[PDB]
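Here is the structure we will look at.
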Amino acid sequence: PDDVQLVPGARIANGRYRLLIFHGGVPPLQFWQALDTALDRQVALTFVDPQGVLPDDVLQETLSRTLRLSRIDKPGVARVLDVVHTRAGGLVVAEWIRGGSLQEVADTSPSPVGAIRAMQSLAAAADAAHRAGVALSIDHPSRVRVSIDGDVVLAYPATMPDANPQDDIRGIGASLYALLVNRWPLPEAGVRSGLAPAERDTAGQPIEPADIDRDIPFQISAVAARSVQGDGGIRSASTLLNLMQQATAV
Amino acid sequence: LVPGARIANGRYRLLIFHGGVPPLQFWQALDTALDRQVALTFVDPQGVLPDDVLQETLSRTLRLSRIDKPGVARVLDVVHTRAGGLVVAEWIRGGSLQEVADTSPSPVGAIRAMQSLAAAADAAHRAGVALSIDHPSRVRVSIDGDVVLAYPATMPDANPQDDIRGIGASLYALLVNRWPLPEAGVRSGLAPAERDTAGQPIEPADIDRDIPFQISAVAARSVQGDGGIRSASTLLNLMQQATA
């Protein structure tokens, strides 16, 4: 074979990373848990176009934009350890976050207040990213993990040319929604996350978190709704974090 | 090894020399692939080491890297290059120990910052590995206010008790801006501590009387091999009680 096929146990990038577990993804992206054979420690891998179907310009712009993301040190985004050109595609290597996927954590029905607190890191991270002029691209539940320390983190950074800052704001709200309601408010692509789509009202808008479970405080619900909505009116990650903090304070 | 040199297939570009304990060399470099700074420790650039000493250094360093603590910089790579054994770590934004020591920081801020390094030493010693804080340039002070080992490489000489002395020496430097231990290696960038009649470093509180005795004592008792603190766990506990 030209390129090493991706299966658990296989090694890629000059035999440096050993694949362990496939966590999903949205083509042309694959999220993997792997083992670095140089350091004997686990890393997150994001394969960009393993099959090399993309126009070269789109691949290069994804790696370059993701590199801009490599300068950001925040709890809310996995530290980028490296970005490599492979055989066909490219590879983003990040630190591994001990924890569980957004889906796994959402399924344990966390405290609404613990949820909103945990989300704050993701907003702060996105905001750092936007100031560096790059999106975090939270496009999908599988991008996200929650650390043992209670930080929501983008686990599998790759930023493709089409991703934009405003959709991160919606992604963050969607993730907050997932933790509150155990449902995903936004259209979902690629491999199924395990999150059942949210219930929608007559207008096709996701029903607010409190209207689902009333035990959830009124600002915590509002933050989620205004954030997920396209017209919701929260135009910056900095503003979103502040709103989150102001809701937690209550 | 000089500024501008290219290391590991051109990937890293040397910026600034931070000294070291020979054969080890600490370098601040540019990672030209990711366009970010990294910390580089060259284990034996001139190949004076017996292979077994090189291998042990790499092995113990790998052992150290699996400790996940704020007190040690993340190791990016450990690789045998054309320049010899090389340990690549993330860059800690901050200033060097020497730089911060020169600003005469709060004694309370200094001991607080030193906690992360002591906690890391404790964790590492439990794992059977030493930090090797042998030299002022080993550690940097992060913007977040933690003292962090910035240039991990652990040679066979490194041991838990010397870590304790190196950590105490570092705190000493922060308090009085002097190095309490006999000069080690090259480019330490610190004047020697003033010594008493027995040839021992003068306790910080005696040099500067605003240094609370407890804070002063942690430093003095860590540094002296006579009667001192024998564990990192105990060292950390003393640091915490002092700031309490």
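Within each chain, counting starts at residue 1; across the structure tokens, chains are named A, B, ... in the order shown, with ligands numbered 1 upward in that order.
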
**OP:** Would you list the contacts of residue 99 in chain B as a PyMOL selection string, taking every protein, DNA or RNA residue within 10 Å and counting only C-alpha atoms, but skipping same-chain residues closer than 2 positions in sequence?
**Re:** chain B and resi 94-97+101-104+140-141+174+177+189-190

**OP:** Output the contact residues of chain A with respect to chain B at a cut-off of 10 Å, based on only C-alpha atoms, as a PyMOL selection string.
**Re:** chain A and resi 36+38-41+64+66-71+80-84+95

For the selection just defined, write its residues with N, CA and C atoms to a file, as a PDB file, in the first residue's frame.
ATOM      1  N   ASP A  36       2.273   7.976  21.493  1.00  0.00           N
ATOM      2  CA  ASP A  36       3.512   8.489  20.939  1.00  0.00           C
ATOM      3  C   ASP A  36       4.610   7.506  21.319  1.00  0.00           C
ATOM      4  N   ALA A  38       7.832   7.678  20.726  1.00  0.00           N
ATOM      5  CA  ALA A  38       9.066   8.321  21.162  1.00  0.00           C
ATOM      6  C   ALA A  38       9.056   8.591  22.664  1.00  0.00           C
ATOM      7  N   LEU A  39       7.949   9.144  23.153  1.00  0.00           N
ATOM      8  CA  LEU A  39       7.783   9.478  24.568  1.00  0.00           C
ATOM      9  C   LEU A  39       6.974   8.497  25.429  1.00  0.00           C
ATOM     10  N   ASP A  40       6.419   7.460  24.812  1.00  0.00           N
ATOM     11  CA  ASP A  40       5.497   6.555  25.505  1.00  0.00           C
ATOM     12  C   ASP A  40       4.394   7.287  26.282  1.00  0.00           C
ATOM     13  N   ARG A  41       3.689   8.193  25.611  1.00  0.00           N
ATOM     14  CA  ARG A  41       2.539   8.856  26.218  1.00  0.00           C
ATOM     15  C   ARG A  41       1.431   9.069  25.192  1.00  0.00           C
ATOM     16  N   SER A  64      -2.059  25.459   7.864  1.00  0.00           N
ATOM     17  CA  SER A  64      -1.551  26.789   8.185  1.00  0.00           C
ATOM     18  C   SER A  64      -2.423  27.495   9.225  1.00  0.00           C
ATOM     19  N   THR A  66      -4.352  25.999  11.332  1.00  0.00           N
ATOM     20  CA  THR A  66      -4.217  25.234  12.570  1.00  0.00           C
ATOM     21  C   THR A  66      -2.913  25.577  13.291  1.00  0.00           C
ATOM     22  N   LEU A  67      -1.891  25.932  12.521  1.00  0.00           N
ATOM     23  CA  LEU A  67      -0.608  26.338  13.083  1.00  0.00           C
ATOM     24  C   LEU A  67      -0.752  27.609  13.920  1.00  0.00           C
ATOM     25  N   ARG A  68      -1.551  28.551  13.424  1.00  0.00           N
ATOM     26  CA  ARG A  68      -1.864  29.775  14.154  1.00  0.00           C
ATOM     27  C   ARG A  68      -2.461  29.421  15.511  1.00  0.00           C
ATOM     28  N   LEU A  69      -3.042  28.229  15.582  1.00  0.00           N
ATOM     29  CA  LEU A  69      -3.684  27.744  16.794  1.00  0.00           C
ATOM     30  C   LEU A  69      -2.645  27.145  17.741  1.00  0.00           C
ATOM     31  N   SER A  70      -1.450  26.898  17.215  1.00  0.00           N
ATOM     32  CA  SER A  70      -0.390  26.233  17.966  1.00  0.00           C
ATOM     33  C   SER A  70       0.269  27.145  19.004  1.00  0.00           C
ATOM     34  N   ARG A  71      -0.021  28.439  18.937  1.00  0.00           N
ATOM     35  CA  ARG A  71       0.600  29.387  19.852  1.00  0.00           C
ATOM     36  C   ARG A  71      -0.239  29.600  21.105  1.00  0.00           C
ATOM     37  N   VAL A  80      -1.374  22.060  21.036  1.00  0.00           N
ATOM     38  CA  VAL A  80      -0.929  21.441  19.800  1.00  0.00           C
ATOM     39  C   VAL A  80       0.541  21.098  19.945  1.00  0.00           C
ATOM     40  N   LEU A  81       0.838  19.806  19.891  1.00  0.00           N
ATOM     41  CA  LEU A  81       2.203  19.313  20.009  1.00  0.00           C
ATOM     42  C   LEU A  81       2.968  19.372  18.693  1.00  0.00           C
ATOM     43  N   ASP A  82       2.245  19.264  17.583  1.00  0.00           N
ATOM     44  CA  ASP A  82       2.887  19.232  16.283  1.00  0.00           C
ATOM     45  C   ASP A  82       1.862  19.175  15.160  1.00  0.00           C
ATOM     46  N   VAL A  83       2.305  19.571  13.974  1.00  0.00           N
ATOM     47  CA  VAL A  83       1.492  19.509  12.772  1.00  0.00           C
ATOM     48  C   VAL A  83       2.393  19.000  11.661  1.00  0.00           C
ATOM     49  N   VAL A  84       2.052  17.857  11.085  1.00  0.00           N
ATOM     50  CA  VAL A  84       2.939  17.248  10.105  1.00  0.00           C
ATOM     51  C   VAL A  84       2.261  17.016   8.765  1.00  0.00           C
ATOM     52  N   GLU A  95      -2.029  17.215  22.892  1.00  0.00           N
ATOM     53  CA  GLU A  95      -1.968  16.513  24.167  1.00  0.00           C
ATOM     54  C   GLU A  95      -3.251  15.721  24.343  1.00  0.00           C
TER      55      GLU A  95
END

Can you list, as a short mmCIF file (atom, residue, chain, number, x, y, z; two decimals) with C-alpha atoms, in the first residue's frame, every protein, DNA or RNA residue that comes within 9 Å of residue 118 in chain B when you count only C-alpha atoms, leaving out same-chain residues fewer than 3 positions away?
data_model
loop_
_atom_site.label_atom_id
_atom_site.label_comp_id
_atom_site.auth_asym_id
_atom_site.auth_seq_id
_atom_site.Cartn_x
_atom_site.Cartn_y
_atom_site.Cartn_z
CA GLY B 71 6.39 22.12 37.84
CA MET B 114 8.46 27.63 44.36
CA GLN B 115 5.66 25.29 45.47
CA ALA B 121 10.06 16.88 42.75
CA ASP B 122 7.87 14.97 45.21
CA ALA B 123 5.93 13.35 42.37
CA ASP B 163 16.99 18.29 44.11
CA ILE B 164 16.05 19.56 47.55
CA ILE B 167 15.25 23.95 44.96
CA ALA B 232 10.38 16.95 48.85
CA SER B 233 7.10 16.16 50.57
CA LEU B 235 9.89 20.63 51.74
CA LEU B 236 6.49 21.36 50.20
CA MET B 239 6.60 26.05 52.03
#

Subject >> Exercise: residue 13 in chain A partners within 10 Å, only C-alpha atoms, chain neighbours under 3 positions left out, as JSON, numbers by chain >> reply: {"A": [4, 16, 17, 18, 84, 85, 86, 87, 90, 91]}

Okay, now the selection with C-alpha atoms, as a PDB file, in the first residue's frame?
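Below is the file that was written, result-v4.pdb:
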ATOM      1  CA  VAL A   4      -0.537   3.132   5.976  1.00  0.00           C
ATOM      2  CA  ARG A  16       5.979   7.658  15.613  1.00  0.00           C
ATOM      3  CA  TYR A  17       2.311   7.425  16.587  1.00  0.00           C
ATOM      4  CA  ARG A  18       0.511   4.151  17.287  1.00  0.00           C
ATOM      5  CA  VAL A  84       2.939  17.248  10.105  1.00  0.00           C
ATOM      6  CA  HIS A  85       2.593  16.661   6.398  1.00  0.00           C
ATOM      7  CA  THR A  86       1.925  12.996   5.815  1.00  0.00           C
ATOM      8  CA  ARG A  87       1.833  10.807   2.749  1.00  0.00           C
ATOM      9  CA  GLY A  90      -1.687  16.142   7.203  1.00  0.00           C
ATOM     10  CA  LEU A  91      -1.702  15.346  10.905  1.00  0.00           C
TER      11      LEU A  91
END

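Proximity of A:220, A:93, A:72, A:207 to residue 35 in chain A, computed with only C-alpha atoms, is greatest for A:93.
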